[PDB]
Amino acid sequence: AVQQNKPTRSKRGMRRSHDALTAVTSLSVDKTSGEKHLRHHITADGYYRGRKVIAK
Amino acid sequence: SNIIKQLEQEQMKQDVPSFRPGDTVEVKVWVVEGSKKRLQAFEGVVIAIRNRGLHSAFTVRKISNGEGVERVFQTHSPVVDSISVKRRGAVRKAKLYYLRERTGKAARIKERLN
Amino acid sequence: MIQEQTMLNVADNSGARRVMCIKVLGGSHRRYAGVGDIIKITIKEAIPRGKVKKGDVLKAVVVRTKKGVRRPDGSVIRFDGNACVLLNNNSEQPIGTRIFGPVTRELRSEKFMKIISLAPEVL
Amino acid sequence: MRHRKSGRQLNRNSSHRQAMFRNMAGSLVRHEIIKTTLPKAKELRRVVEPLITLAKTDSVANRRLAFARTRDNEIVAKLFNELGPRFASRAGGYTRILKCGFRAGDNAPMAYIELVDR
Amino acid sequence: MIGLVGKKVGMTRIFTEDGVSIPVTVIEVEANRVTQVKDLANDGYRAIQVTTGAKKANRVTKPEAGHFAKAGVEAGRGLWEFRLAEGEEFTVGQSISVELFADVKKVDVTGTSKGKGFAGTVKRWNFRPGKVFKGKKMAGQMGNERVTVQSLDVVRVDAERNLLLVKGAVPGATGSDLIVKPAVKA
RNA sequence: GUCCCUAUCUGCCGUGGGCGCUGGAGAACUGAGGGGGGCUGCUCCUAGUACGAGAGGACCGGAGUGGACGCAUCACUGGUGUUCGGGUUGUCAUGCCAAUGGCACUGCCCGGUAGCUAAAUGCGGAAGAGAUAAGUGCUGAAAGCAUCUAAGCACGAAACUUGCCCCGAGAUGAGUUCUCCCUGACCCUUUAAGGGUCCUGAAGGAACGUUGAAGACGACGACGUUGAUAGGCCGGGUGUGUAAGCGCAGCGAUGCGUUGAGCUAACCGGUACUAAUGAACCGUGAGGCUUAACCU
RNA sequence: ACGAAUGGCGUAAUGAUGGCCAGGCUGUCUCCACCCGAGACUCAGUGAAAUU
RNA sequence: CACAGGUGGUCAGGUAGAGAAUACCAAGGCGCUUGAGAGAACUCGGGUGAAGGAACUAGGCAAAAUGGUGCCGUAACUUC
RNA sequence: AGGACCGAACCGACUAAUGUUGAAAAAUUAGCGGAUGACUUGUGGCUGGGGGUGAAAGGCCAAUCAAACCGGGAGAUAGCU
Ligand SMILES: [Mg+2]
Ligand SMILES: [Mg+2]
Ligand SMILES: [Mg+2]
Ligand SMILES: [Mg+2]
Ligand SMILES: [Mg+2]
Ligand SMILES: [Mg+2]
Ligand SMILES: [Mg+2]
Ligand SMILES: [Mg+2]
Ligand SMILES: [Mg+2]
Ligand SMILES: [Mg+2]
Ligand SMILES: [Mg+2]
Ligand SMILES: [Mg+2]
Ligand SMILES: [Mg+2]
Ligand SMILES: [Mg+2]
Ligand SMILES: [Mg+2]
Ligand SMILES: [Mg+2]
Ligand SMILES: [Mg+2]
Ligand SMILES: [Mg+2]
Ligand SMILES: [Mg+2]
Ligand SMILES: [Mg+2]
Ligand SMILES: [Mg+2]
Ligand SMILES: [Mg+2]
Ligand SMILES: [Mg+2]
Ligand SMILES: [Mg+2]
Ligand SMILES: [Mg+2]
Ligand SMILES: [Mg+2]
Ligand SMILES: [Mg+2]
Ligand SMILES: [Mg+2]
Ligand SMILES: [Mg+2]
Ligand SMILES: [Mg+2]
Ligand SMILES: [Mg+2]
Ligand SMILES: [Mg+2]
Ligand SMILES: [Mg+2]
Ligand SMILES: [Mg+2]
Ligand SMILES: [Mg+2]
Ligand SMILES: [Mg+2]
Ligand SMILES: [Mg+2]
Ligand SMILES: [Mg+2]
Ligand SMILES: [Mg+2]
Ligand SMILES: [Mg+2]
Ligand SMILES: [Mg+2]
Ligand SMILES: [Mg+2]
Ligand SMILES: [Mg+2]
Ligand SMILES: [Mg+2]
Ligand SMILES: [Mg+2]
Ligand SMILES: [Mg+2]
Ligand SMILES: [Mg+2]
Ligand SMILES: [Mg+2]
Ligand SMILES: [Mg+2]
Ligand SMILES: [Mg+2]
Ligand SMILES: [Mg+2]
Ligand SMILES: [Mg+2]
């Protein structure tokens, strides 16, 4: 089954009204390195909760 | 949980004899006709044992009048007055369901001689 | 747990050996007949010199089933085969003079005291 | 419905799952830290830690169970000679799962899983 | 009559001395504490609000804590209301326990049934004008909803261990909340 | 015309996001309204009674048990249970023996935990109330009577509204109750429900994490160290059925002992060992006008 | 009523040929239940179509 | 189309097997150019199934079942 | 010996399901038929459109066939849209 009428740009926008991405609420800051990171994720320099968990 | 266990613990029989599949047992069951209550004996081969505490059960198979009859007893039911092991069987399975295809010569069970 | 087309052995000496359930009596759209239930059958196999003859249509009461019967304590009795006892169409009384194999306490009703009396065992 | 059921299917059949976790347990034992997806790490806990517990008691039969599992004498030897005694006092929780972002190729949630005493 | 809030502990059996096995659902009905009494004057209807169980002191939100503190009761794991018949009255803070059922022969038990998720028509409805009428039986969410089962026989009220044994099955999984009311059909 | 349909629209079944509901928030409700449900057989007492020359046989009411259907559940009986145990064929591998693993539809099978589940087992249909239908009536004139009707009054069915169950305040007519939180300063101008800066950021929420008998995803629930939320661990249970190794018997297959052994998923009871991080984020700073009443 | 090389009547054997019956077997069904996979669903990347 | 298609000849290891079937392997070559999760309905391909056993249906369609070797034994009919 | 039997390669295509904006303008999967023959197959050759070829189906003759394809008559004709 297929449309009989071209849906409008209005309806396209209404359907896409729920497509918006949600930005990360806020980043965590490691107490030792001071790097920002996703909460519960290790930092880019391999820190987590003030611990060098992975070397390099 | 603990509550269910204590409730079951206040109902399990304490004098349950130990039997294994392949044993021949005689189960005395309470039978009530009218108002007269009496014991009927069911003797056969234990072919399955379900150990679930209060919900324990065991299946006994006998061939009465050329008909194979399986009766599953609820081990802790008061209707089961007594269980007596008449013969120790020597099998290797927990469930002897293959005995349903066995007749006469094929259904003998080796004695557990110890 | 007998339904239409089920083949049943006969537990009596009325002459029939195998019957097929042709209708489960006792209620509209009733599906299964257990131990103690009445069914119309047709005779499929009978002895040549018997009181009933192949193709006879008459009622019967189911006395043994593989599906089994449950007892109030949860226990269950199971048989190797499905067995019935022939009844007359109108009197609904047994036609044979003996019952072979055990029957159950579930027939202990005023309608079926004959079968309990004639039963070698009433489990 | 999957009420009370456990164990992730991981879009694999049973034999593939078993083989993959055998391999992954071997990698975790020999390297002591591996980078895998978060669900695989979580299921890997349930495969590796029982191996270590088994390795706690050193016997021929235990080594043959740890070999029937993991199918590797390198890994069995390391288990029973290093990880068993290293974790002899620790009651469970031999592994540590560290979430580490997302895989570039497919945006999978990645996680480091490592032995706790590494 | 009012009901009580309990917890579904699980199912078990009771063997009667004449050899009947009664499937029982064990309901742990611990003390229900009246947290609020509602009347016509202030509320337009008569009811009691009860709580039960215990709650994490650090997980009682401050509105909830104030509501329980007015009653002078300890925070429970929820609030439930029971409508009152005119002869019935209770006081805030008063505790109600399971021997309220000591003489009740049948009860109604309502709980949230197990959730079957998105269920098809076969499971959900036992399947085999220019429009569809409302209420058309279709696939959708099954279970996970309030369900009452009526006229369950009370097998045992054990006050000391806070137990109600009702004959038969009651809605919901083990550990779920149950509202047990004396049977309204009777 | 039939059947399909990668289903845009209508319809429908479910389930969310937004904003609203006039300070915000957490709950508990009310109930406008809507939906579901409403079936039936048999047996037994009344009662072999009334009736009928007999034969035959009630109305009414009462009591249990079935069917069909529905709702729930998994204690039982079972099914499933490619995540548990075992047997076994062919082959390959782990150096070899032994022991194991892979592959052959889960290789083929035998059992079976949890969960799910029916065939399993609990429960339901109602009672009651209100107003009625056909119909039965009371009184009563028109029409000196008669008349159930004109005034009035009483009954009257699974029909209607209730009563039972569920949804339900977006019921915009946006309701009620309880509780909780916020009690700074200043500037500007088209001076108003105005804008702005600084300080402040509550209750709570959200997010993240561990997850769930919740679940397509959202959602909903539990928990986040002051912790049993999940995994592991310990003990048990359960299942399977006497592991391996060793010893003995045997020529050997194999048997016996150690040994109801070893192993054992989702189960139970525990246990902080691992992971649930301090924070940060959103949400503000007493809540318009008019009029009535009351405290003063 | 067809009908005798537009062949009539038979015929062992043969047939992925038409019709029927029996045994066995069974989820074809009563009446579905559970499970294992591949999609469906969510996330990331790429990204059509009929129709209008 | 980097397309489940088509395309002649040659070579022919081991174990089991009658076999160039089939299973598992060698030599050798590959994991098929989207992944990651989840574990709804439903679709597709499978496994199992109580009691019944074709009651399904247009129709046993589909499925299930039979299946090997040796020895015995083997009907009507027959053009032998 | 055999247009013998069972059965792979090989040739086919009976059933069902899937697919049916396909993986595919005819397949896949599971079954199925033939499988020393009137078999099958490579290479090359020949037969040409009112013609060929056809164990014959109006089949096939380059995914096209109750008369191929291409160019021309040709802007055929169309009281029809
Ligand atoms: Mg159109
Ligand atoms: Mg979208
Ligand atoms: Mg779990
Ligand atoms: Mg995938
Ligand atoms: Mg395999
Ligand atoms: Mg669920
Ligand atoms: Mg049609
Ligand atoms: Mg569709
Ligand atoms: Mg209705
Ligand atoms: Mg259970
Ligand atoms: Mg079972
Ligand atoms: Mg199995
Ligand atoms: Mg196994
Ligand atoms: Mg060996
Ligand atoms: Mg291999
Ligand atoms: Mg292979
Ligand atoms: Mg009434
Ligand atoms: Mg008058
Ligand atoms: Mg009504
Ligand atoms: Mg834990
Ligand atoms: Mg055990
Ligand atoms: Mg072994
Ligand atoms: Mg001819
Ligand atoms: Mg059907
Ligand atoms: Mg996408
Ligand atoms: Mg386009
Ligand atoms: Mg490719
Ligand atoms: Mg190709
Ligand atoms: Mg070829
Ligand atoms: Mg091959
Ligand atoms: Mg699936
Ligand atoms: Mg399927
Ligand atoms: Mg099958
Ligand atoms: Mg079956
Ligand atoms: Mg069977
Ligand atoms: Mg049969
Ligand atoms: Mg038929
Ligand atoms: Mg037939
Ligand atoms: Mg039919
Ligand atoms: Mg077929
Ligand atoms: Mg098959
Ligand atoms: Mg031939
Ligand atoms: Mg051809
Ligand atoms: Mg299909
Ligand atoms: Mg094929
Ligand atoms: Mg042939
Ligand atoms: Mg052949
Ligand atoms: Mg033609
Ligand atoms: Mg062509
Ligand atoms: Mg022409
Ligand atoms: Mg011209
Ligand atoms: Mg032209």
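Residues numbered from 1 in each chain as written, not as in the entry; some residues may be left out. Chains lettered and ligands numbered in written order. Part of a larger assembly, values for the part shown. Heavy atoms only, no water.

Its PDB record attributes the structure to cryo-EM, giving the resolution as 2.6 Å.

Under the PDB entry, chain D has the name 50S ribosomal protein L17 and belongs to Escherichia coli. UniProt, in the comment section headed Sequence similarities, describes chain D in these words: "Belongs to the bacterial ribosomal protein bL17 family." (UniProt positions renumbered as here; feature names shortened; annotations may be inferred.)

Chain A appears in the PDB entry as 50S ribosomal protein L32 from Escherichia coli. If you open the UniProt record of chain A and go to Sequence similarities, you find "Belongs to the bacterial ribosomal protein bL32 family."

**Quick notes on the overall build of chain A**
Helix and strand content of chain A: 1 helix and 4 strands. What you see in chain A, going N to C, is helices and strands ordered as α-β-β-β-β. Its C-alpha radius of gyration of 22 Å places chain A more than 25% over the 10 Å reference for a compact globule of 56 residues. Counting only C-alpha atoms, chain A reaches 60 × 20 × 15 Å along its principal axes. Burial status across chain A gives 20% buried among its 56 residues. The long-range fraction of contacts in chain A, counting pairs at least 24 apart against all pairs at least 6 apart in sequence, stands at 0%. (Helix = DSSP H or I, 4+ residues; strand = E, 2+ residues; numbered from the N terminus. Rg over C-alpha atoms; globule rule 2.2 N^0.38 Å. Buried < 20%, exposed > 50% of the residue type's maximum accessible area, 1.4 Å probe, protein only. Contact = heavy atoms within 4.5 Å.)

**Examining the protein's contact with RNA strand F**
Around RNA strand F, the surrounding shell holds 139 residues, and the nearest of these are B:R52, C:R70, E:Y45, E:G115 and E:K134. Within 4 Å of the protein, atoms of RNA strand F come from sugar and phosphate in 79% of cases. At 3.4 Å, a side-chain N or O of B:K93 approaches a sugar or linking oxygen of RNA strand F. Looking at which element gives the most residues to the surface near RNA strand F, the answer is strand β10 (residues 146-158) of chain E, with 7 residues. Taken together, the residues that form the surface near RNA strand F break down as 40 nonpolar, 49 polar and 50 charged. (Near = heavy atom within 4 Å. Polar contact = N/O pair within 3.5 Å; in protein donor to acceptor, adjacent residues only side chain to side chain. Nonpolar A, V, L, I, M, F, W, Y, C, P; charged D, E, K, R; others polar.)

**A word on the protein's contact with RNA strand H**
The full set close to RNA strand H counts 26 residues, and D:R8, D:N11, D:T37, D:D106 and E:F118 are the nearest of them. Those atoms of RNA strand H that come within 4 Å of the protein belong to sugar or phosphate at a rate of 72%. Here a sugar or linking oxygen of RNA strand H sits 2.3 Å away from a polar atom, N or O, in the side chain of D:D106. Elements that contribute at least two residues to the surface near RNA strand H include exactly α2 (38-56) of chain D together with β8 (115-119) of chain E. Across the surface near RNA strand H, the residue classes tally to 10 nonpolar, 8 polar and 8 charged.

**Re the environment of B:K28**
Residue and element names in this part refer to chain B. As for its position among the elements, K28 is in strand β1 (residues 24-33). When the C-alpha positions of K28 and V46 are compared, they lie 14 Å apart, and in sequence the two are 18 residues distant. Filtering out sequence-adjacent residues up to four positions away, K28 remains in contact with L39, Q40, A41, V79, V80, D81 and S82.

**Section: the packing of helix α3 (residues 60-68) of chain D against helix α4 (residues 73-86) of chain D**
All names here are of chain D. In contact at an axis separation of 9 Å, α3 and α4 are set at 135 degrees when each is read in the N-to-C sense. Taken together, the axes of α3 and α4 lie oblique to each other. The chirality of how α3 crosses α4 is right-handed. Seen from α3, the contacting residues are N62, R63, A66 and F67; seen from α4, they are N73, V76, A77, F80 and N81. Residue composition of the contact of α3 with α4, by class: 5 nonpolar, 3 polar and 1 charged. (Axes fitted to C-alpha atoms, helices over the stretch in contact; angles between N-to-C directions. Parallel < 35°, antiparallel > 145°, perpendicular 65-115°, else oblique. Left-handed = near helix turned anticlockwise from the far one by under 90°.)

**Details of the environment of E:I96**
Residue and element names in this part refer to chain E. Following the sequence through the fold, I96 ends up in strand β6 (residues 95-96). Residues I96 and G3 lie 93 residues apart in sequence; the distance between their C-alpha atoms is 9.6 Å. Ignoring sequence-local partners within four residues, the contact set of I96 consists of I2, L4, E30, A31, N32, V34, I48, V50 and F90.

**Here we look at the pairing of strand β2 (residues 95-102) of chain D**
Residue and element names in this part refer to chain D. As paired elements, β2 and strand β3 (residues 109-115) share 6 bridges and run antiparallel to each other. Within the sheet, the bridge partner assigned to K99 lies in β3 and is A111. Between β2 and the antiparallel strand that follows it, β3, lie 6 residues; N107 among them carries a positive phi value of about 60 degrees. (Pairing = 2+ DSSP bridges.)

**Some words on the state of the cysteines**
Using the criterion set out here, one finds 0 disulfides over all chains in the structure. The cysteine C:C84 is free of any disulfide, with C:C21 supplying the nearest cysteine sulfur at 9.0 Å. (Disulfide = S-S within 2.5 Å.)

**A few points about the packing of aromatic side chains**
Residues and elements named next belong to chain B. All told, the structure shown has 4 aromatic pairs over all chains when counted by the stated rule. Taking the centre distance of 4.8 Å and the plane angle of 65 degrees together, the rings of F19 and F58 count as edge-to-face. Taken together, the residues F19 in the loop between α1 (2-9) and β1 and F58 in strand β3 (residues 57-64) connect sequence positions 39 residues apart. Across the pair, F58 and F19 agree in class, each one buried. The interplanar angle of 70 degrees and the centroid separation of 5.4 Å between the aromatic rings of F42 and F73 together place this pair among those described as edge-to-face. (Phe/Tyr/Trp six-rings, centres within 6.5 Å; stacked < 30°, edge-to-face > 60°.)

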